[PDB]
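Encoded as structure tokens, the structure appears first; notes follow it.
All values below were derived from every heavy atom in this structure, side-chain atoms included, with hydrogens, water molecules and symmetry-related copies excluded. By convention in this document, chain letters (A, B, ...) are assigned in the order of the sequence lines, proteins followed by strands, and residues within each chain are numbered from 1.
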Amino acid sequence: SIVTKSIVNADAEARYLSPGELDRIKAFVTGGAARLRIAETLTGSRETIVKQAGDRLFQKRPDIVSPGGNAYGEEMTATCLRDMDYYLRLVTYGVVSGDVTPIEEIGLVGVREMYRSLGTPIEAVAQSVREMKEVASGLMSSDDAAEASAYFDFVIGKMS
Amino acid sequence: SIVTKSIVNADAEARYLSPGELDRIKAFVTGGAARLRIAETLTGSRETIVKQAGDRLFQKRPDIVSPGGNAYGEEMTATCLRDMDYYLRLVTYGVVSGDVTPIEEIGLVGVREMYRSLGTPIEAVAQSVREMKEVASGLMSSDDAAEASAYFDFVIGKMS
Amino acid sequence: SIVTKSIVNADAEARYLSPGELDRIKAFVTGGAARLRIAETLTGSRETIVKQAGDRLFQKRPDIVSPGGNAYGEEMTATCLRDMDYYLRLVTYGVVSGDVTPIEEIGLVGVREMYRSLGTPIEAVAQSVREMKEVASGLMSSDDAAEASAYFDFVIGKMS
Amino acid sequence: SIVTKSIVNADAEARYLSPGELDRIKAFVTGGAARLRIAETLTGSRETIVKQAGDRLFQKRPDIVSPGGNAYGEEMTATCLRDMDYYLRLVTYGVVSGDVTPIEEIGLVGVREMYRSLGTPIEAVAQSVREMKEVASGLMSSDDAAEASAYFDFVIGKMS
Amino acid sequence: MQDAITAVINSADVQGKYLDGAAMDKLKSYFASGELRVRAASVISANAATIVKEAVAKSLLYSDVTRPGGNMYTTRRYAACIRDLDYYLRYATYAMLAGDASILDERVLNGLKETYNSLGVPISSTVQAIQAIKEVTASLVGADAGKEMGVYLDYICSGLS
Amino acid sequence: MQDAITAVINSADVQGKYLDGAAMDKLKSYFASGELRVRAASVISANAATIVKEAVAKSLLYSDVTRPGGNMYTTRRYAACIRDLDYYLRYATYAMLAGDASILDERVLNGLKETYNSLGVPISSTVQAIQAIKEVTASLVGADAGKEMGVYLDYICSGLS
Amino acid sequence: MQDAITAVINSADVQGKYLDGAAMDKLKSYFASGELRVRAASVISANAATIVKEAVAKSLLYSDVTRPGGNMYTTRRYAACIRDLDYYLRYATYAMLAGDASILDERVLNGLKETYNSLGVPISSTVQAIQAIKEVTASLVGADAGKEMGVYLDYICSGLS
Amino acid sequence: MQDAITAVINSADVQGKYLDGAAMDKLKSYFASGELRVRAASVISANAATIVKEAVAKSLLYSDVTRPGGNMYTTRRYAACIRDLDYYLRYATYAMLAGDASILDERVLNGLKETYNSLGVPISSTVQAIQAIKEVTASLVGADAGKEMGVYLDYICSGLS
Amino acid sequence: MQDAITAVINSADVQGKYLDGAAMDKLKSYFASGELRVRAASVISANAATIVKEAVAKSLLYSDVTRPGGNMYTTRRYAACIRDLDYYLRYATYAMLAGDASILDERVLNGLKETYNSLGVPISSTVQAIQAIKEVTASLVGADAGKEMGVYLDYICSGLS
Amino acid sequence: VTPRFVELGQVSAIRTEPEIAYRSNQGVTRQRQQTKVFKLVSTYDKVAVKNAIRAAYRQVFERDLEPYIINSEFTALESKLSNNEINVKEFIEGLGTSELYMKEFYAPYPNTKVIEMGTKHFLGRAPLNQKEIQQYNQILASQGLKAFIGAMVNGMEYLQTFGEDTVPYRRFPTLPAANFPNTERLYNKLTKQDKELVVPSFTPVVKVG
Ligand SMILES: *[C@@H](C)[C@H]1/C(=C/c2[nH]c(/C=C3N=C(/C=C4\NC(=O)C(CC)=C4C)C(C)=C\3CCC(=O)O)c(CCC(=O)O)c2C)NC(=O)[C@@H]1C
Ligand SMILES: *[C@@H](C)[C@H]1/C(=C/c2[nH]c(/C=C3N=C(/C=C4\NC(=O)C(CC)=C4C)C(C)=C\3CCC(=O)O)c(CCC(=O)O)c2C)NC(=O)[C@@H]1C
Ligand SMILES: *[C@@H](C)[C@H]1/C(=C/c2[nH]c(/C=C3N=C(/C=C4\NC(=O)C(CC)=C4C)C(C)=C\3CCC(=O)O)c(CCC(=O)O)c2C)NC(=O)[C@@H]1C
Ligand SMILES: *[C@@H](C)[C@H]1/C(=C/c2[nH]c(/C=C3N=C(/C=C4\NC(=O)C(CC)=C4C)C(C)=C\3CCC(=O)O)c(CCC(=O)O)c2C)NC(=O)[C@@H]1C
Ligand SMILES: *[C@H](C)[C@H]1/C(=C/c2[nH]c(/C=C3N=C(/C=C4\NC(=O)C(CC)=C4C)C(C)=C\3CCC(=O)O)c(CCC(=O)O)c2C)NC(=O)[C@@H]1C
Ligand SMILES: *[C@H](C)[C@H]1/C(=C/c2[nH]c(/C=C3N=C(/C=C4\NC(=O)C(CC)=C4C)C(C)=C\3CCC(=O)O)c(CCC(=O)O)c2C)NC(=O)[C@@H]1C
Ligand SMILES: *[C@H](C)[C@H]1/C(=C/c2[nH]c(/C=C3N=C(/C=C4\NC(=O)C(CC)=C4C)C(C)=C\3CCC(=O)O)c(CCC(=O)O)c2C)NC(=O)[C@@H]1C
Ligand SMILES: *[C@H](C)[C@H]1/C(=C/c2[nH]c(/C=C3N=C(/C=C4\NC(=O)C(CC)=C4C)C(C)=C\3CCC(=O)O)c(CCC(=O)O)c2C)NC(=O)[C@@H]1C
Ligand SMILES: *[C@H](C)[C@H]1/C(=C/c2[nH]c(/C=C3N=C(/C=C4\NC(=O)C(CC)=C4C)C(C)=C\3CCC(=O)O)c(CCC(=O)O)c2C)NC(=O)[C@@H]1C
């Protein structure tokens with residue numbers, strides 16, 4: 001959260017938070033209502049968003065679901081959809097927190113090594129995150145879509 | 001300045017300014033009319049504000065004017081008035097800039113070293129700044145008084 | 001080259017090369033004849049090897065050369081084969097040197113960033129290198145095939 | 001020089017000279033007459049002192065001049081006696097300065113490298129300077145011989 | 001380090017579930033309290049030095065601790081104690097802003113208790129000084145802010161006790 | 001560093017007077033330009049990675065630098081060029097948002113000339129790349145908004161010229 | 001560095017010979033200086049901050065240098081100049097105790113002029129302040145020891161200017 | 001730093017060309033010389049401690065350099081001189097293993113000439129010392145290996161020249 | 001300046017020896033190359049204006065420099081570049097005929113860098129024009145004469161770079 | 001006809017020897033990759049411990065401390081390091097806060113040069129900006145030498161860069177501005193090569209006040 005980042009920065013210099021930091025915290029807590037509204041919108045349609053993004057990615061990337069691919073089989077595709085749900089939940093956490101620290105801590109550190117171990121094309125994961133991004137943006141307001149776009153793009157760039 | 005502070009924070013992490021930082025700059029520039037009005041009011045009543053603050057300080061802390069105190073004659077009380085004027089000007093600079101970096105860079109870093117080399121009681125300087133804060137609050141609206149008092153309290157805390 | 005690594009280790013330790021380092025350099029010099037034979041075999045069939053490698057890569061990944069892809073035009077396919085020639089030249093350099101150091105130094109550090117900037121699918125480049133390794137092994141002895149495939153697999157792994 | 005590393009120690013701590021170091025300088029400057037007397041007595045008696053010290057060194061340990069020794073050459077004995085003269089001058093300089101700065105800073109730092117390069121045993125020259133101390137105390141006043149033997153003990157122990 | 005938002009996020013993530021109604025309510029409560037927390041933090045930062053001054057004067061000065069034979073004797077030990085109290089107040093303010101006590105957990109408490117035990121620092125006197133800081137800062141920030149501030153200061157005391 | 005607000009503050013503080021009508025008007029002018037500056041900065045940050053792509057493509061690709069033995073050969077060096085162009089774009093955006101070309105002097109141009117001369121980086125090739133940056137961004141953020149980015153990229157080029 | 005005693009030792013070492021009367025008398029001179037220089041060093045270290053205080057108070061103080069625009073302006077620059085004066089006093093008394101000014105050249109004048117030029121520090125004002133500390137120390141320690149203090153401080157001024 | 005093999009590889013990479021007939025002939029020449037270079041390296045590391053002894057004994061012993069006033073008197077100076085000879089021997093052996101003068105350009109001769117000039121050490125006497133160690137190493141390593149050692153040592157002298 | 005014939009003389013005279021077999025062979029090699037050197041110099045002198053014209057056509061014309069505001073603008077400046085390219089070509093011919101690139105750094109490269117820096121000349125643009133001249137002359141004088149001319153022009157460019 | 005990709009990859013001109021020499025070493029020196037980083041992975045191998053100690057001597061003092069000592073005065077530090085009672089960071093700090101270090105890189109240089117050498121030895125690069133130089137100046141002026149090396153070694157940058165088990169080494173930082181050329185000038189000259197300041201002070205672009 002921005003509160004955690006401000007506290008860490010202040011403790012780095014061994015100083016109390018400056019008036020600008022307090023003003024930023026006040027603005028963040030005021031905008032927490034919009035943050036929570038966006039989080040509720042994302043969480044309510046999480047299943048439909050994940051399903052639509054997965055279908056779109058499979059249409060763009062049949063190889064992953066093609067024979068010999070990582071996601072071949074009903075159970076493998078179910079696991080991939082579970083991963084999409086995990087990353088949507090991480091995006092929701094980043095939305096509520098107002099920053100990307102929870103996403104980075106949970107599902108963006110060592111993700112490349114982990115997927116290389118699992119034999120998963122990281123580019124396919126980035127494309128799936130993208131598809132989830134457009135699917136969420138379609139069913140959500142313009143300003144809300146822009147605010148969630150930061151976290152979605154951060155996840156995509158970490159993938160790529 | 002708020003723009004300078006946000007740019008420095010972004011450059012520390014080696015990234016472009018975040019959407020929250022851009023929103024903060026946008027809000028600051030939009031609301032700049034109020035800050036400019038506050039600076040105009042503070043500069044306008046500078047003479048009376050400094051005079052009342054110094055007068056109340058002197059009976060509040062007679063030692064600074066007492067025999068053996070740092071500012072015994074009218075000549076040293078002139079130096080007190082000049083220092084209080086400097087700090088009022090720095091507060092106005094911080095108000096217009098929207099951030100405390102100008103104040104800290106001009107008259108807060110190493111202030112203890114200066115007042116040790118001059119023998120001035122830094123506690124009484126903090127008291128004088130507090131008196132200026134009170135007299136300024138008496139000459140402003142409640143929200144304007146709070147906005148100026150943020151930087152006044154920053155100066156008081158760093159001083160003490 | 002093992003010579004440069006041994007010299008660097010000795011200089012960092014500030015010592016002459018130990019007996020074991022001398023034997024390692026000795027065996028490296030002894031095997032230099034076979035390494036030069038492998039390098040000459042690879043160099044003599046450069047045009048052919050790049051032809052079959054590029055053809056098989058395009059067969060496996062027709063989208064890159066299809067319209068709208070990164071390698072659609074004849075100039076784009078020529079640039080693909082230019083990159084492929086670069087990588088096989090680096091592989092020959094490594095085979096001569098007996099270590100993957102030149103390959104990493106000239107064409108493996110920051111390659112991911114380069115191909116992200118150019119929009120080239122890094123996985124497709126790795127597949128092209130794999131086709132290179134397969135076709136080259138098809139026209140070499142089994143021991144020489146394995147010796148060159150070591151460097152080819154190093155390049156493929158660094159790309160992946 | 002006592003004052004030179006006194007001032008070096010003070011500067012390393014970023015502080016003025018302490019009362020103890022000041023008093024040590026006080027006593028050194030007040031008692032420098034005896035140090036100058038010892039300087040004169042060592043300078044005047046150089047030939048006999050080095051002669052007896054070298055003779056007793058040779059008679060204790062004939063191996064320095066024994067067959068195959070580093071001092072078998074007739075010129076090698078004179079070179080050894082030149083070393084004796086050098087260390088005697090170093091001891092005179094140190095007693096003059098009231099401190100062991102010049103002994104270490106002229107003929108002690110890296111003497112072990114000296115003797116490994118030239119093959120001269122360190123223990124042999126330590127015994128030689130011990131003989132120098134013995135003969136000097138024989139030729140010197142008791143109270144003065146106390147300080148002279150103290151500095152000889154310093155050189156013998158540190159160089160031992 | 002964790003705050004109220006991160007604490008709720010981690011509590012939901014350990015079970016691997018999205019933010020439910022209870023988490024939403026807790027986030028709303030923290031957002032509502034954010035204004036008061038910011039005001040209290042600004043007030044404390046304005047008078048942190050005076051807060052430590054008054055707490056030390058009322059709870060430690062002219063007692064057996066400050067006299068020879070006590071732990072606070074000598075300017076060195078006195079400055080060490082003053083710095084400890086200042087860091088205590090600052091970290092308690094950080095926790096109050098964050099709405100969680102974790103920052104005290106891995107930035108004030110781990111190693112502090114047995115460090116004081118090794119150096120012989122009186123834990124009871126430190127607890128009394130922290131209580132004095134609690135009431136002094138309450139006198140500045142008002143009852144509502146002082147409740148939270150003293151909750152975190154008492155957390156520090158209990159960990160150190 | 002410095003910006004327009006800090007520029008006015010330093011202009012008033014060098015002679016020690018307060019902010020008069022002229023400084024007030026300059027501050028209002030900067031605040032008026034702030035909307036355009038923020039929009040341009042956000043757009044450039046969104047497309048910062050993309051811009052360097054065609055900037056290199058239309059100014060450096062398929063040229064003597066890119067051929068083997070060229071300074072932009074050796075893919076580590078290509079990534080170094082991409083990183084340097086990204087740094088130039090980011091710091092130009094910093095200067096544009098601040099409204100003052102002072103960040104470039106003390107954070108980009110400080111030692112950059114001697115840096116490239118020691119590294120043998122083609123100065124004119126980099127200048128052409130930055131010019132391509134300016135043209136690409138001018139066609140992305142508009143003419144008026146792109147004017148400031150052109151000004152600051154041109155400042156970078158002149159310092160590197 | 002090196003003192004008068006080490007100076008003579010080095011001079012006799014260059015010839016690789018013993019100390020003679022021509023150096024004997026010059027060591028006698030330094031030894032006779034002795035208690036005078038060390039009294040002076042003790043008294044200078046006594047009120048170490050004082051001489052800097054009134055020296056700055058009478059030369060640079062209440063002048064345009066301490067005013068806005070002047071390089072003595074701002075608390076940070078005030079502390080920096082005061083720290084420089086402490087450097088000058090400490091190294092000058094260092095030379096006085098050692099009896100040679102080489103330490104200044106070995107510690108003070110090495111790059112000081114160039115670094116001040118890079119920082120834009122007024123050389124003339126600094127030299128005047130050092131002359132002020134010279135006269136203050138002369139009035140504080142007496143005529144003779146004040147005379148060595150003055151010669152070392154004037155060497156500092158000449159090297160700086 | 002690059003050996004003969006890496007030097008050839010870099011030269012080929014500069015033109016973006018494969019290893020042509022000259023590349024293989026140079027590589028085979030280095031491979032043939034590898035046996036001699038390795039055996040000479042073993043022989044020279046055998047006596048690296050002792051070889052410099054007679055290298056300096058017949059070059060810089062009982063001369064103007066070693067006596068007081070000379071730049072090799074005092075244990076620090078003699079130790080630094082023998083250490084410099086050890087450095088030259090070790091790095092020339094490194095070059096002989098690598099069969100290239102690239103290491104000497106950046107790790108030995110880079111900054112050595114003006115370093116000696118500032119130190120004031122006699123560069124000409126260093127040249128004669130390196131020549132003397134040239135014959136000393138040629139005595140133990142043989143004729144052909146002696147010539148290979150001597151070419152690198154003469155390169156060191158020319159750089160120091 | 002120095003040429004291939006006097007280069008051997010200076011190399012032999014620095015050690016004071018006479019002309020041995022190696023020097024004789026070097027002189028014979030230069031005399032053998034003299035045929036091609038003279039032919040190339042005559043052909044280049046015959047076609048210098050056309051060579052510089054063609055080099056300017058394919059490297060500078062119809063670009064940003066020639067456009068208004070560019071350094072090629074202001075026809076006096078265009079004539080200045082024509083004169084500079086003629087100078088570069090003529091001095092490269094001098095060096096090629098001499099057999100040593102000492103006249104290049106003594107009558108061309110001496111002070112050129114800060115000359116172009118003060119005049120704000122595009123250094124990389126001039127370098128590109130020099131390679132254009134090299135390519136034009138290599139396609140007119142042959143393979144070996146073009147080889148030598150390219151060697152000396154590339155030495156000039158590396159001095160520029 | 002030659003294949004198109006060959007022409008695309010073909011280098012123009014003839015690429016004579018001078019350009020080969022110039023372009024073989026074109027950018028950052030190969031010393032960035034042709035060096036060794038010493039990590040005390042385990043304390044059971046005494047040879048590795050001695051190698052790490054010698055590397056620390058060669059890094060902090062820039063040289064092996066054979067011609068600069070009477071005897072090995074860091075013997076107790078070496079024993080503690082080899083006994084696994086202190087980390088390599090503690091050994092580096094002890095080398096910094098030693099009389100040999102003060103004699104070598106503190107006594108003969110001004111405090112600005114002291115900051116330069118200390119940052120070049122322990123941090124591995126040149127000072128970042130004017131704020132760092134100022135801060136180290138107050139540290140040196142108020143507490144002397146030991147506090148200076150203590151603050152440098154125990155700072156967050158040292159732990160994040162070298163940690164507790166890695167000997168410091170020369171660094172090649174990209175950012176901030178001018179840090180790379182200043183570091184290159186610092187490490188391109190030998191020990192005691194000359195006395196001027198490579199980075200005396202960053203000239204402020206903006207003169208505050
Ligand atoms: C088909 C095989 C794949 C592909 C290739 C491709 N590459 C480019 C462009 C470039 N490739 C490079 C490569 C290198 N530079 C180096 O220094 C080395 C290491 C020795 C390499 C491998 C570079 C620098 C470029 C750009 C500059 C230039 O081309 O001279 C293209 C064209 C890109 C464009 O927009 O023109 C293509 C098509 N692309 C794919 O999609 C396949 C996976
Ligand atoms: C005799 C019992 C001892 C002995 C003496 C010995 N010395 C040498 C050679 C040298 N000794 C020195 C000494 C110094 N140089 C300095 O600068 C200082 C003072 C600062 C000293 C003490 C030097 C320079 C030499 C070489 C040249 C010279 O002689 O002056 C030898 C010769 C050994 C050889 O093989 O060359 C000898 C025999 N050796 C012993 O074993 C005794 C302890
Ligand atoms: C009188 C002209 C000066 C002066 C003195 C003054 N001191 C205090 C209070 C305290 N002084 C100390 C200092 C020490 N206590 C120790 O045990 C030692 C160790 C050697 C020292 C140096 C302390 C700790 C206190 C606080 C009380 C206590 O001792 O426990 C006061 C009163 C402060 C108050 O608020 O009561 C005064 C007046 N003050 C001046 O202004 C003069 C320069
Ligand atoms: C037809 C009416 C005449 C003619 C003109 C002609 N000019 C060019 C090419 C160039 N003309 C210029 C001229 C200038 N540059 C300047 O900066 C100035 C004013 C300060 C002038 C007058 C230049 C520089 C060029 C070449 C570079 C460029 O064009 O940008 C051409 C084409 C030449 C070619 O081979 O491309 C022509 C045809 N030529 C005639 O014969 C008529 C008299
Ligand atoms: C007054 C209530 C207090 C007090 C004041 C006092 N100050 C001085 C002298 C100086 N104070 C300053 C102040 C500043 N310098 C800066 O750069 C800043 C702004 C960034 C400030 C606030 C300066 C510069 C001086 C020196 C004079 C000059 O203008 O150059 C004195 C005089 C001390 C003496 O002995 O001469 C006094 C009395 N003293 C108190 O006791 C009050 C707490
Ligand atoms: C003051 C309220 C009490 C007191 C203080 C006291 N403390 C020490 C020494 C130390 N205290 C600490 C504490 C902390 N380290 C941390 O990281 C945290 C969180 C920020 C804390 C609270 C430490 C580490 C030390 C040792 C190191 C150091 O002092 O710098 C002393 C010194 C004891 C001695 O004999 O040296 C004292 C006196 N003493 C009292 O009596 C008060 C109740
Ligand atoms: C005071 C007499 C004048 C003055 C000075 C001034 N100095 C600085 C900044 C620095 N001064 C130094 C000097 C030294 N450092 C050393 O190590 C030595 C010898 C031990 C010397 C002499 C340095 C290094 C700095 C920069 C770092 C720092 O601040 O410590 C300033 C501030 C510069 C700035 O704004 O960055 C000033 C103002 N100013 C005056 O008006 C006097 C004439
Ligand atoms: C011996 C043949 C000659 C000689 C030597 C001598 N050297 C120094 C001092 C230094 N020597 C060097 C050289 C290097 N250090 C390295 O790490 C390398 C890299 C390969 C080299 C070449 C350096 C840097 C110094 C300065 C630091 C040091 O003290 O070692 C001295 C002492 C100089 C002094 O003032 O103490 C001496 C005596 N002297 C001669 O007369 C011989 C001809
Ligand atoms: C690219 C189009 C051109 C080019 C550039 C190039 N630069 C480097 C290496 C470095 N570039 C910098 C520059 C900066 N560092 C900073 O902090 C700042 C401010 C943001 C700048 C401008 C530095 C310090 C380096 C060296 C360190 C590092 O490489 O990370 C390279 C590669 C050098 C190497 O050896 O790999 C290149 C290629 N070169 C060209 O030919 C283009 C014209």
[atom1] of [X] to [atom2] of [Y]: how many Å apart, nearest 0.5 Å?
X        : Y        : atom1 : atom2 : value
F:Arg83  : J:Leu175 : CZ    : CG    : 8.0 Å
F:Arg67  : J:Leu8   : CZ    : CG    : 8.0 Å
F:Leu112 : J:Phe180 : CG    : CZ    : 12.0 Å
J:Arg23  : F:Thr74  : CZ    : OG1   : 11.5 Å

Residue among [options] with most heavy-atom pairs under 4.5 Å to chain J:
options                              : value
F:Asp13, F:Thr115, F:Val14, F:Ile103 : F:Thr115
F:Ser102, F:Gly120, F:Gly69          : F:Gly69
F:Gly70, F:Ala80, F:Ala7             : F:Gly70

Are more than 12 heavy atoms, taken from residues, nucleotides or ligands other than [X], located less than 6.0 Å from that residue's [atom1] atom?
X        : atom1 : result
F:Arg39  : CZ    : no
J:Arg54  : CZ    : no
F:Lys28  : NZ    : yes
F:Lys147 : NZ    : no
J:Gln31  : CD    : yes
J:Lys131 : NZ    : no
J:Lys36  : NZ    : yes

No-hydrogen, no-angle side-chain donor-acceptor test under 3.5 Å, F:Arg77 and J:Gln26: yes

Chain J heavy atoms under 4.5 Å from [X]: which part of the residue, side chain, backbone, both or neither?
X        : answer
F:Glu114 : side chain
F:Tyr87  : side chain
F:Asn71  : both

Chain F interface, residue from J:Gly9, J:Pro181, J:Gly209 that has the most non-hydrogen pairs under 4.5 Å: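 The candidate making the most pairs under 4.5 Å is J:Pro181.
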
Given J:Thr203, J:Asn179, J:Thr174, the one with more heavy-atom pairs under 4.5 angstrom with chain F than any other is J:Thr174

Specify the closest pair of heavy atoms between J:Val28 and F:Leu119, including all atoms of both residues, with the distance to one decimal. N-CD1, 3.3 Å

